[PDB]
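Enquirer: target.cif (mmCIF, C-alpha atoms) pasted underneath:
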```cif
data_entry
#
loop_
_atom_site.group_PDB
_atom_site.id
_atom_site.type_symbol
_atom_site.label_atom_id
_atom_site.label_comp_id
_atom_site.auth_asym_id
_atom_site.auth_seq_id
_atom_site.Cartn_x
_atom_site.Cartn_y
_atom_site.Cartn_z
ATOM 1 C CA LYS A 1 -30.468 -27.435 25.679
ATOM 2 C CA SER A 2 -31.747 -29.147 22.442
ATOM 3 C CA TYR A 3 -33.604 -27.052 19.749
ATOM 4 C CA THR A 4 -35.640 -28.079 16.617
ATOM 5 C CA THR A 5 -34.305 -25.958 13.652
ATOM 6 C CA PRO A 6 -30.677 -26.464 12.403
ATOM 7 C CA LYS A 7 -28.308 -23.535 13.341
ATOM 8 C CA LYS A 8 -27.734 -20.374 11.206
ATOM 9 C CA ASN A 9 -24.032 -19.832 10.206
ATOM 10 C CA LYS A 10 -22.186 -16.439 9.983
ATOM 11 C CA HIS A 11 -21.080 -14.979 6.566
ATOM 12 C CA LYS A 12 -17.386 -16.035 6.136
ATOM 13 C CA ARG A 13 -15.316 -13.213 4.485
ATOM 14 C CA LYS A 14 -14.075 -14.393 1.015
ATOM 15 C CA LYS A 15 -10.527 -12.965 1.621
ATOM 16 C CA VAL A 16 -8.362 -12.449 -1.567
ATOM 17 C CA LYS A 17 -4.493 -12.687 -1.542
ATOM 18 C CA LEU A 18 -3.025 -9.787 -3.678
ATOM 19 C CA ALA A 19 -6.330 -8.004 -4.634
ATOM 20 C CA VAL A 20 -4.424 -4.823 -5.837
ATOM 21 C CA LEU A 21 -2.970 -6.261 -9.143
ATOM 22 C CA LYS A 22 -6.534 -6.896 -10.572
ATOM 23 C CA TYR A 23 -7.478 -3.133 -10.318
ATOM 24 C CA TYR A 24 -4.640 -1.967 -12.713
ATOM 25 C CA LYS A 25 -3.048 -3.329 -15.953
ATOM 26 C CA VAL A 26 0.807 -2.982 -16.177
ATOM 27 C CA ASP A 27 2.161 -1.801 -19.609
ATOM 28 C CA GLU A 28 5.446 -2.953 -21.310
ATOM 29 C CA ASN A 29 6.659 0.674 -20.630
ATOM 30 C CA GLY A 30 6.526 2.588 -17.266
ATOM 31 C CA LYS A 31 2.796 3.593 -17.526
ATOM 32 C CA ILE A 32 -0.654 2.129 -16.478
ATOM 33 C CA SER A 33 -4.076 1.025 -17.915
ATOM 34 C CA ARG A 34 -6.634 1.684 -15.079
ATOM 35 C CA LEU A 35 -9.494 -0.864 -15.680
ATOM 36 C CA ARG A 36 -12.154 -0.015 -13.018
ATOM 37 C CA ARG A 37 -13.906 3.422 -12.742
ATOM 38 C CA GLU A 38 -12.532 6.029 -10.220
ATOM 39 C CA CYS A 39 -15.047 7.507 -7.669
ATOM 40 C CA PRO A 40 -16.386 11.007 -8.631
ATOM 41 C CA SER A 41 -17.554 11.674 -4.968
ATOM 42 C CA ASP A 42 -16.191 14.670 -2.920
ATOM 43 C CA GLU A 43 -15.022 12.496 0.094
ATOM 44 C CA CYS A 44 -12.541 10.385 -2.019
ATOM 45 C CA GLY A 45 -10.878 12.446 -4.841
ATOM 46 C CA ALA A 46 -9.420 10.107 -7.554
ATOM 47 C CA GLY A 47 -7.751 7.369 -5.366
ATOM 48 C CA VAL A 48 -10.752 5.100 -4.489
ATOM 49 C CA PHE A 49 -11.977 2.752 -7.321
ATOM 50 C CA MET A 50 -15.645 1.746 -7.933
ATOM 51 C CA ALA A 51 -16.909 -1.888 -8.237
ATOM 52 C CA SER A 52 -17.282 -3.384 -11.792
ATOM 53 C CA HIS A 53 -20.432 -5.610 -11.435
ATOM 54 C CA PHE A 54 -22.183 -7.375 -14.391
ATOM 55 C CA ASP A 55 -24.906 -4.666 -15.056
ATOM 56 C CA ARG A 56 -23.997 -1.525 -12.925
ATOM 57 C CA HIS A 57 -21.124 0.271 -11.026
ATOM 58 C CA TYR A 58 -20.888 0.888 -7.206
ATOM 59 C CA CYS A 59 -18.496 2.533 -4.630
ATOM 60 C CA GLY A 60 -18.239 1.183 -1.026
ATOM 61 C CA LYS A 61 -17.900 3.919 1.650
ATOM 62 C CA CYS A 62 -19.495 6.938 -0.214
ATOM 63 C CA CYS A 63 -22.218 4.354 -1.255
ATOM 64 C CA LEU A 64 -22.692 5.748 -4.839
ATOM 65 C CA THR A 65 -24.476 3.685 -7.605
ATOM 66 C CA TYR A 66 -24.509 4.124 -11.467
ATOM 67 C CA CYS A 67 -26.820 1.890 -13.645
ATOM 68 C CA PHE A 68 -26.121 1.697 -17.458
ATOM 69 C CA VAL B 1 23.662 5.260 4.821
ATOM 70 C CA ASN B 2 20.492 3.179 5.693
ATOM 71 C CA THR B 3 20.543 4.462 9.376
ATOM 72 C CA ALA B 4 19.329 7.811 7.839
ATOM 73 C CA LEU B 5 16.381 5.867 6.209
ATOM 74 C CA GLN B 6 15.689 4.391 9.746
ATOM 75 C CA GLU B 7 15.573 8.023 11.137
ATOM 76 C CA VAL B 8 13.094 9.064 8.312
ATOM 77 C CA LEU B 9 11.138 5.786 9.065
ATOM 78 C CA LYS B 10 10.929 6.809 12.815
ATOM 79 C CA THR B 11 9.831 10.446 11.969
ATOM 80 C CA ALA B 12 7.130 8.934 9.609
ATOM 81 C CA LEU B 13 5.743 6.642 12.450
ATOM 82 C CA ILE B 14 6.037 9.258 15.320
ATOM 83 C CA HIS B 15 4.371 12.101 13.259
ATOM 84 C CA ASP B 16 2.455 9.163 11.590
ATOM 85 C CA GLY B 17 2.898 10.205 7.909
ATOM 86 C CA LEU B 18 3.711 6.837 6.188
ATOM 87 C CA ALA B 19 0.552 5.416 4.451
ATOM 88 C CA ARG B 20 2.147 1.911 4.212
ATOM 89 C CA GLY B 21 0.794 -1.117 2.246
ATOM 90 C CA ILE B 22 0.437 -1.561 -1.588
ATOM 91 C CA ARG B 23 -3.399 -0.952 -1.392
ATOM 92 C CA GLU B 24 -2.726 2.313 0.609
ATOM 93 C CA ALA B 25 0.252 2.986 -1.780
ATOM 94 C CA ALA B 26 -2.235 2.751 -4.748
ATOM 95 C CA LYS B 27 -4.431 5.355 -2.871
ATOM 96 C CA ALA B 28 -1.496 7.671 -1.838
ATOM 97 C CA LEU B 29 0.157 7.488 -5.355
ATOM 98 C CA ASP B 30 -3.270 8.288 -7.008
ATOM 99 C CA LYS B 31 -3.953 11.151 -4.448
ATOM 100 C CA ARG B 32 -0.339 12.514 -4.989
ATOM 101 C CA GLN B 33 1.069 12.582 -1.375
ATOM 102 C CA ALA B 34 4.176 10.297 -1.899
ATOM 103 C CA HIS B 35 7.826 11.536 -1.515
ATOM 104 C CA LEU B 36 9.762 8.222 -0.832
ATOM 105 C CA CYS B 37 8.848 4.454 -1.211
ATOM 106 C CA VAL B 38 10.911 1.469 0.207
ATOM 107 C CA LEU B 39 10.580 -1.978 -1.539
ATOM 108 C CA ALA B 40 11.968 -5.567 -0.990
ATOM 109 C CA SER B 41 13.319 -7.890 -3.795
ATOM 110 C CA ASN B 42 14.385 -11.536 -4.693
ATOM 111 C CA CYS B 43 10.904 -12.984 -3.723
ATOM 112 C CA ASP B 44 8.119 -14.845 -5.678
ATOM 113 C CA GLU B 45 6.447 -11.605 -7.000
ATOM 114 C CA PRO B 46 7.045 -11.978 -10.779
ATOM 115 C CA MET B 47 4.394 -9.628 -12.371
ATOM 116 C CA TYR B 48 3.612 -7.829 -9.007
ATOM 117 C CA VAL B 49 7.095 -6.113 -8.792
ATOM 118 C CA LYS B 50 6.447 -4.883 -12.424
ATOM 119 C CA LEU B 51 3.125 -3.248 -11.215
ATOM 120 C CA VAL B 52 4.740 -1.284 -8.272
ATOM 121 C CA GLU B 53 7.762 -0.222 -10.476
ATOM 122 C CA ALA B 54 5.222 0.989 -13.158
ATOM 123 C CA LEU B 55 3.133 2.899 -10.494
ATOM 124 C CA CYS B 56 6.419 4.440 -9.090
ATOM 125 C CA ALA B 57 7.408 5.282 -12.758
ATOM 126 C CA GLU B 58 4.028 7.081 -13.451
ATOM 127 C CA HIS B 59 4.715 10.546 -11.855
ATOM 128 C CA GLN B 60 7.561 11.806 -9.579
ATOM 129 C CA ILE B 61 7.977 8.850 -7.091
ATOM 130 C CA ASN B 62 11.427 7.840 -5.645
ATOM 131 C CA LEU B 63 12.675 4.207 -5.083
ATOM 132 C CA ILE B 64 14.670 2.380 -2.323
ATOM 133 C CA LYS B 65 15.283 -1.348 -3.162
ATOM 134 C CA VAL B 66 16.265 -3.394 -0.058
ATOM 135 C CA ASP B 67 16.432 -7.179 -0.885
ATOM 136 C CA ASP B 68 14.622 -8.710 2.205
ATOM 137 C CA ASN B 69 10.857 -8.445 3.111
ATOM 138 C CA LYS B 70 11.305 -9.655 6.773
ATOM 139 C CA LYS B 71 14.148 -7.091 7.481
ATOM 140 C CA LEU B 72 11.797 -4.305 6.133
ATOM 141 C CA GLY B 73 9.091 -5.643 8.548
ATOM 142 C CA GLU B 74 11.768 -5.646 11.346
ATOM 143 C CA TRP B 75 12.706 -1.962 10.517
ATOM 144 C CA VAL B 76 9.039 -0.674 10.509
ATOM 145 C CA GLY B 77 8.419 -3.042 13.512
ATOM 146 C CA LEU B 78 4.940 -4.630 12.967
ATOM 147 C CA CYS B 79 5.355 -7.517 15.550
ATOM 148 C CA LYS B 80 8.087 -6.340 18.020
ATOM 149 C CA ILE B 81 7.363 -8.809 20.925
ATOM 150 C CA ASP B 82 10.035 -8.509 23.726
ATOM 151 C CA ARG B 83 11.929 -5.316 22.609
ATOM 152 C CA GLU B 84 14.151 -6.070 25.699
ATOM 153 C CA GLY B 85 15.792 -8.863 23.605
ATOM 154 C CA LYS B 86 15.005 -10.055 20.006
ATOM 155 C CA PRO B 87 11.606 -9.652 18.222
ATOM 156 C CA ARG B 88 9.769 -13.062 18.149
ATOM 157 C CA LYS B 89 8.026 -13.328 14.703
ATOM 158 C CA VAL B 90 7.631 -10.297 12.303
ATOM 159 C CA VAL B 91 5.765 -10.325 8.900
ATOM 160 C CA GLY B 92 7.531 -9.634 5.540
ATOM 161 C CA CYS B 93 6.118 -6.309 4.176
ATOM 162 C CA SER B 94 6.925 -5.148 0.566
ATOM 163 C CA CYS B 95 5.789 -1.553 -0.324
ATOM 164 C CA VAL B 96 5.955 1.191 2.436
ATOM 165 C CA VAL B 97 5.270 4.750 1.018
ATOM 166 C CA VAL B 98 6.596 7.251 3.683
ATOM 167 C CA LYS B 99 5.594 10.991 3.863
ATOM 168 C CA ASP B 100 7.316 12.936 6.732
ATOM 169 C CA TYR B 101 5.145 15.890 7.999
ATOM 170 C CA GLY B 102 7.827 16.859 10.593
ATOM 171 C CA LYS B 103 10.615 17.005 7.920
ATOM 172 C CA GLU B 104 12.901 18.960 10.397
ATOM 173 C CA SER B 105 15.375 15.984 10.667
ATOM 174 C CA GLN B 106 19.150 15.316 10.083
ATOM 175 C CA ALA B 107 18.420 12.381 7.659
ATOM 176 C CA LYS B 108 15.904 13.668 4.976
ATOM 177 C CA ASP B 109 18.558 16.188 3.668
ATOM 178 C CA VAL B 110 21.344 13.541 3.034
ATOM 179 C CA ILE B 111 18.841 11.085 1.334
ATOM 180 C CA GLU B 112 17.522 13.960 -0.925
ATOM 181 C CA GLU B 113 21.257 14.778 -1.634
ATOM 182 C CA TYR B 114 21.695 11.052 -2.664
ATOM 183 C CA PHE B 115 18.574 11.272 -4.966
ATOM 184 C CA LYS B 116 19.992 14.557 -6.502
ATOM 185 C CA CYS B 117 23.300 12.827 -7.621
#
```
What would you get if you wrote out this structure as structure tokens?
Expert:
Amino acid sequence: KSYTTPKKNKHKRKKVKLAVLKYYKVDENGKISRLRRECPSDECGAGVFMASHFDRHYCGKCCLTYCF
Amino acid sequence: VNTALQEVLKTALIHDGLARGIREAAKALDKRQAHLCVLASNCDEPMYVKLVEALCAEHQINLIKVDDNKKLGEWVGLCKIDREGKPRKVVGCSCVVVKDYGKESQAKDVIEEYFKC
């Protein structure tokens, strides 16, 4: 049946093609320049990277936050 | 000698050791579990192929360079529809980092012998 208010939409996932290249920086030689901070949590050793937001850092699944 | 690589590919799916995908490769290479990585070529990945070669060149990671992405997808078998016949439509995967737990196989020895030479 007909309602008053206009419908609420679902959050569409802003999917990124090749999101892995952004996390590292390739050198001219066979080495690396790791941009974003690695997670110091016990669950994920040194493999999982933290978010690089405008004024703090964050990790997803261990849910750890670090303000400047 | 790629039928040996297909035997190591089967032992890495059955025992379920391969942590496939470049995102999961980046995790497995950083957590130091990798023994062997298989990689496609001759595709529109100009700076991307430089990244994976640099990550494989960091610390003690082997390389297999097949030329086709879709044949690598066919080998791992991501969309095997109608096995009794031909697979319908499989995706072209790039970077599959295998780690056999059940290494008791006829194939891992001859590939390690190839990497020794």
Enquirer: In Å to one decimal, how far is atom CA of residue B:99 from atom CA of residue B:24?
Expert: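 Computing it gives 12.5 Å between the two atoms.
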Enquirer: Enumerate, in order of chain and increasing residue number, the residues of chain B with an atom no farther than 8 Å from chain A, each with its shortest atom pair and distance in Å to one decimal, counting all atoms listed in the file, as a Markdown table.
Expert:
```
| residue | atom | partner | partner_atom | distance |
| --- | --- | --- | --- | --- |
| B:22 | CA | A:20 | CA | 7.2 |
| B:23 | CA | A:20 | CA | 6.0 |
| B:26 | CA | A:47 | CA | 7.2 |
| B:27 | CA | A:47 | CA | 4.6 |
| B:28 | CA | A:47 | CA | 7.2 |
| B:29 | CA | A:47 | CA | 7.9 |
| B:30 | CA | A:47 | CA | 4.9 |
| B:31 | CA | A:47 | CA | 5.4 |
| B:48 | CA | A:21 | CA | 6.8 |
| B:50 | CA | A:26 | CA | 7.0 |
| B:51 | CA | A:26 | CA | 5.5 |
| B:53 | CA | A:30 | CA | 7.5 |
| B:54 | CA | A:30 | CA | 4.6 |
| B:55 | CA | A:31 | CA | 7.1 |
| B:57 | CA | A:30 | CA | 5.3 |
| B:58 | CA | A:31 | CA | 5.5 |
```
Enquirer: List the residues selected by the PyMOL selection byres ((chain B and resi 96) around 8) in the file shown, writing them as a PDB file with C-alpha atoms, keeping the file's coordinate frame.
Expert:
```pdb
ATOM      1  CA  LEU B  18       3.711   6.837   6.188  1.00  0.00           C
ATOM      2  CA  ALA B  19       0.552   5.416   4.451  1.00  0.00           C
ATOM      3  CA  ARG B  20       2.147   1.911   4.212  1.00  0.00           C
ATOM      4  CA  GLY B  21       0.794  -1.117   2.246  1.00  0.00           C
ATOM      5  CA  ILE B  22       0.437  -1.561  -1.588  1.00  0.00           C
ATOM      6  CA  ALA B  25       0.252   2.986  -1.780  1.00  0.00           C
ATOM      7  CA  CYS B  37       8.848   4.454  -1.211  1.00  0.00           C
ATOM      8  CA  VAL B  38      10.911   1.469   0.207  1.00  0.00           C
ATOM      9  CA  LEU B  39      10.580  -1.978  -1.539  1.00  0.00           C
ATOM     10  CA  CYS B  93       6.118  -6.309   4.176  1.00  0.00           C
ATOM     11  CA  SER B  94       6.925  -5.148   0.566  1.00  0.00           C
ATOM     12  CA  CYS B  95       5.789  -1.553  -0.324  1.00  0.00           C
ATOM     13  CA  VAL B  97       5.270   4.750   1.018  1.00  0.00           C
ATOM     14  CA  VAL B  98       6.596   7.251   3.683  1.00  0.00           C
TER      15      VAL B  98
END
```
Enquirer: If the PyMOL selection byres ((chain A and resi 58) around 12) is run on the structure shown, which residues does it catch, given as a VMD selection string?
Expert: chain A and resid 36 to 41 48 to 57 59 to 68
Enquirer: What does the structure give for the distance between atom CA of residue B:75 and atom CA of residue B:11, in Å to one decimal?
Expert: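 Distance reported for this atom pair: 12.8 Å.
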Enquirer: Determine, counting only C-alpha atoms, which protein, DNA and RNA residues have an atom within 10 Å of an atom of residue B:40; residues of the same chain fewer than 6 positions away are not included. Present the result as a list in words.
Expert: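 Here the answer would be residues 49, 64, 65, 66, 67, 68, 69, 70, 71, 72, 73, 92, 93, 94, 95 and 96 of chain B.
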Enquirer: Near residue B:111, counting all atoms listed in the file, which residues have an atom at most 9 Å away, once you skip same-chain residues fewer than 5 positions from it, shown as a count of residues only?
Expert: 4
Enquirer: One decimal, in Å: what's the spacing between atom CA of residue B:74 and atom CA of residue B:10?
Expert: 12.6 Å
Enquirer: Any chance you could work out the axis-aligned box around stretch 21-30 of chain A, listed atoms only, 5 Å on each side, giving centre and edge lengths in Å to one decimal, as JSON?
Expert:
```
{"center_x": -0.4, "center_y": -2.2, "center_z": -15.2, "size_x": 24.1, "size_y": 19.5, "size_z": 22.2}
```
